[PDB]
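>>> missing the sequence, but the structure's below:
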DNA sequence: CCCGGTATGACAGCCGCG
DNA sequence: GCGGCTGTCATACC
């Protein structure tokens, strides 16, 4: 076993490191690390060190890290570049671990915990920590145990001890339904007072100090609450004891709304799962509370209880504790499915960074470029300050709002990373500039060729073709690595398939499985030794073949995330290799790419269909184009197809046989026109959309930029058994839209695309008739409660007050002086309903906390004074009118067709 | 620097307008 | 009384 690191930190003139040694023991080092930095020198001085520009550099070795840091300030005050890695933690990791890090997760202590705090005051602020911590569930990955800390006596109640017997029983039997998987894994311990509890938790923390600390909201609630609580009761010295190095910093996170404070525990990587999920799930969710996320991933959700949580410990302490245990297990179950922690570790050691820096695409890329440059004796440039200067971004085509019967879409692969390599874009690779014509003229190939010598972007930039760019080289690596690991994953998957044939007829023998590598396909000699092998050994080979497939999967997605990271880094002023001209070179070339191929697809389809001057490309967004296939179908005639699958086959082949070669030679023309280093503009066919054959459906429609619906039969080569609706930007996709209305609008769209006008009309009529019979929760809008106090003037709405906020202030006057009634909290989501003019409430609308019924001492009047008309018009009819206008359909039978004209009268 | 550019929509408030 | 704006706020997605 080769040693790896756990956490690294700099305190004064010392690196403090937690690390696993060659024997597997967790250990700590204090090293008085001697960093190196670099300055420019004359050609006379003989060094092996050069910068990315090739200019010679002399190596300066400092006695400590403070001298290094003071030297950087002195070089700034002189006006000369101070070259090298200024984040000395990264240099230490590079020096101490100059090899491919192979870690062993079972020796990494990964803790996830959750806290409970009874509070009749409202949400207990972590910075003040006014109320007693009355429960802690702390899971440890090494022990595989849930350590549960339980407070029996607090100012808010004296309670019985928790029962594991009851907690395991069925929910109908009065039990908490804690899974038998974790029942034999709970270490329960009750306490007579909070001080005893908090002090035991601290001693527990010292013996089992987390390397990775996770959980839901741990960074913004749990950790701050435990720290501040211990601090307020025992003093700051005791609270620092939560850090292995007894050093803590109070960070102030100032978001563009308010300001909150997080606590930095030196020697611990905090990877909050709420942040970890938002970063790596790539699924946009309405709510990000553990409850919603659990039921989404695990189909079980968080544990239910009766009454307000502020009254739970009193009324049902048995539930309260079991709710705390399950809260921790919910996160562990999610991580068992998604494995974002293992992912985070994988990338942390690949980049050689602090694990919590996986949230930073800047840190990660800074280190990956640093390490590969280090092994070539090359010196990284100094990070220079840059003014935040907004530059052009992605091109988006304004579509003509219409229906579109048949649609076929195509995507460029890894567009921005592809341009970087194609054009060879890097700081040191800038070769000069050319007099730039309008983009229009480069799209139409009317402008003169920018350079015979250098590779070019349509923004005026020129780059060397002979040199290998530092950025281009570094991302080509990542590409090649991903292919390599996805070449091992496909091999490990296919190698397991041959094993599954042997799982039907084996023969027992006392032998261990053969030493073979699953990353590469088996030879004939290994294939000969399959039937003879035993049943015990065959299941061991299947275990290790699948184990190899899991290792390949993790690697191939980690590199995928890096590919998509780079542009972000490159376009960020804080990044070392950032250059504004290089950034606009990427986006502008991309703008040219999509519009040039729009031209080429139009010119090809016109020539083939015989027509001239017809817009086939109906829409385009960044790296994708959408083609109208009507003419292609009408060229064969849709009456010649026997079924839906017949014309989907037709279009699929057409794209591959006719369209894709026309695109490739189209882009090959563009590469030669810009004189680029290599052609890397590749376009895959994604979606084939259209209405079912012999149906009155319209297939798809656009209402504007980023607002469309499509009936998709085939995506990226896989044929769907049943048609699947792709909806983007429309109200069905917005969490502000009421539950029943989100459902109704989707069906309205389904009926439009699959069935036609009359069906939509029959549905609308019925939904209008039955709207008043729907539940008041399902038909209410949801909104975010930001800036409540700002627009509040003595309990009434002020100038420029938003609609939902007005609703909140109406609710507040209705429950003014009522503690049992739910309070609307700044930040949290709210239900909104309109009220008929003349109601006993203040205004025209009421808003109450989301996910809850209204207080019974106000419910009747709300339900009585609801404005259904306004609600149906605002949330349902208006957005539908939106879709139907573009689609050129009617939702109501006799609508005057003169309504679609912007008449005079002016 | 632990994601903001390119987007649309709901609503408030203003301006002309016999 | 209502388009035609501008401004604030809310929420999509790569």
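All right, it came through fine. Numbering: from 1, shown residues only, chains lettered A, B, ... in the order given.
>>> Please count neighbours and contacts with C-alpha atoms only from this point.
Noted.
>>> Return the residues in contact with residue A:202.
Going by C-alpha atoms under 8 Å, 6 or more residues apart in numbering, residue A:202 touches A:241, A:242.
>>> what about it, which SS state?
When classified by DSSP: H, G, I helix; E, B strand; the rest coil, residue A:202 comes out as helix.
>>> following the longest helix seen in chain A, which helix or strand comes up?
The residue-count maximum for a helix in chain A (DSSP state H) belongs to helix A:535-570. Counting by DSSP states H and E, the next helix or strand C-terminal to helix A:535-570 is helix A:580-609.
>>> Check which helices and strands the next helix or strand after that following helix is in contact with.
Following helix A:580-609 in sequence order, the next helix or strand is strand A:617-621 (DSSP H and E). On a contact count with 3 or more C-alpha pairs under 8 Å, 6 or more residues apart in numbering; DSSP states H and E, strand A:617-621 meets helix A:580-609, strand A:624-628.
>>> switch the cut-off to 7 Å
strand A:624-628 (3 or more C-alpha pairs under 7 Å, 6 or more residues apart in numbering; DSSP states H and E).
>>> does any bit of the strand it packs on sit next to DNA strand C?
No. Legend: contact between strand A:624-628 and DNA strand C by C-alpha under 7 Å from any atom of the strand is lacking; minimum distance shown is 9.2 Å.
>>> Tell me the neighbouring strands of that strand, and mark each as parallel or antiparallel.
Counting by DSSP bridges, the strands paired with strand A:624-628 are strand A:407-412 (antiparallel), strand A:617-621 (antiparallel).
>>> what would the ones you listed look like in JSON lines with distance to DNA strand C and mean neighbour count?
Converted to JSON lines, the strands paired with strand A:624-628 look like this (distance: least, C-alpha to the nearest atom of the strand, whole Å; neighbours: other C-alpha atoms under 10 Å):
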{"stretch": "strand A:407-412", "distance to DNA strand C": "9", "mean neighbour count": "22"}
{"stretch": "strand A:617-621", "distance to DNA strand C": "9", "mean neighbour count": "21"}
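>>> Just put the ones you listed in CSV and tack on distance to residue A:302.
Formatted as CSV, the strands paired with strand A:624-628 follow (distance: least, C-alpha to C-alpha, whole Å):
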stretch, distance to residue A:302
strand A:407-412, 40
strand A:617-621, 39
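>>> Those: which one's closest to residue A:23?
Residue A:23 sits nearest to strand A:407-412 of all these, at 48.7 Å, using C-alpha to C-alpha.
>>> Quick check: next helix or strand after the closest one?
helix A:415-423.
>>> Now do that following helix and helix A:580-609, the angle between them.
100 degrees (axes from the mean of the first three to the mean of the last three C-alpha atoms, to 10 degrees).
>>> who touches helix A:415-423?
A:455-456, A:472, A:563, A:567, A:586, A:623, A:676-681 (C-alpha atoms under 7 Å, 6 or more residues apart in numbering).
>>> Please enumerate the strands of the stretch 251-400 of chain A.
A:260-265, A:269-270, A:378-379 (DSSP state E, counting those that start in this stretch).
>>> just the stretch 651-800 of chain A next, same as before
A:683-689, A:700-704, A:707-715, A:718-728, A:781-784, A:792-793, A:796-797.
>>> How far does the third one sit from its chain's centre?
Using C-alpha atoms, centre = their mean, to the nearest Å, the distance from the centre of strand A:707-715 to the centre of the chain it belongs to is 23 Å.
>>> And for the longest one?
How far strand A:718-728 lies from its chain's middle: 24 Å, per C-alpha atoms, centre = their mean.
>>> Give the other helices and strands that it contacts.
So strand A:718-728, by 3+ C-alpha pairs under 7 Å, 6+ apart, packs with strand A:707-715.
>>> can you put the strands of the stretch 651-800 of chain A in CSV and add distance to residue A:135 and mean neighbour count?
Compiled in CSV, the strands of the stretch 651-800 of chain A are given as follows (distance: least, C-alpha to C-alpha, whole Å; neighbours: other C-alpha atoms under 10 Å):
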stretch, distance to residue A:135, mean neighbour count
strand A:683-689, 51, 23
strand A:700-704, 52, 24
strand A:707-715, 48, 23
strand A:718-728, 44, 14
strand A:781-784, 30, 21
strand A:792-793, 37, 14
strand A:796-797, 40, 19
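>>> Can I get those in CSV including distance to residue A:191?
Output for the strands of the stretch 651-800 of chain A, formatted as CSV (distance: least, C-alpha to C-alpha, whole Å):
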stretch, distance to residue A:191
strand A:683-689, 60
strand A:700-704, 62
strand A:707-715, 58
strand A:718-728, 54
strand A:781-784, 40
strand A:792-793, 45
strand A:796-797, 48
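>>> how about a markdown table for the ones you listed, with distance to DNA strand B added?
Converted to a markdown table, those look like this (distance: least, C-alpha to the nearest atom of the strand, whole Å):
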| stretch | distance to DNA strand B |
| --- | --- |
| strand A:683-689 | 20 |
| strand A:700-704 | 5 |
| strand A:707-715 | 6 |
| strand A:718-728 | 11 |
| strand A:781-784 | 9 |
| strand A:792-793 | 12 |
| strand A:796-797 | 8 |
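>>> Just tell me which of the ones you listed ends up closest to residue A:68.
strand A:781-784 (48.3 Å).
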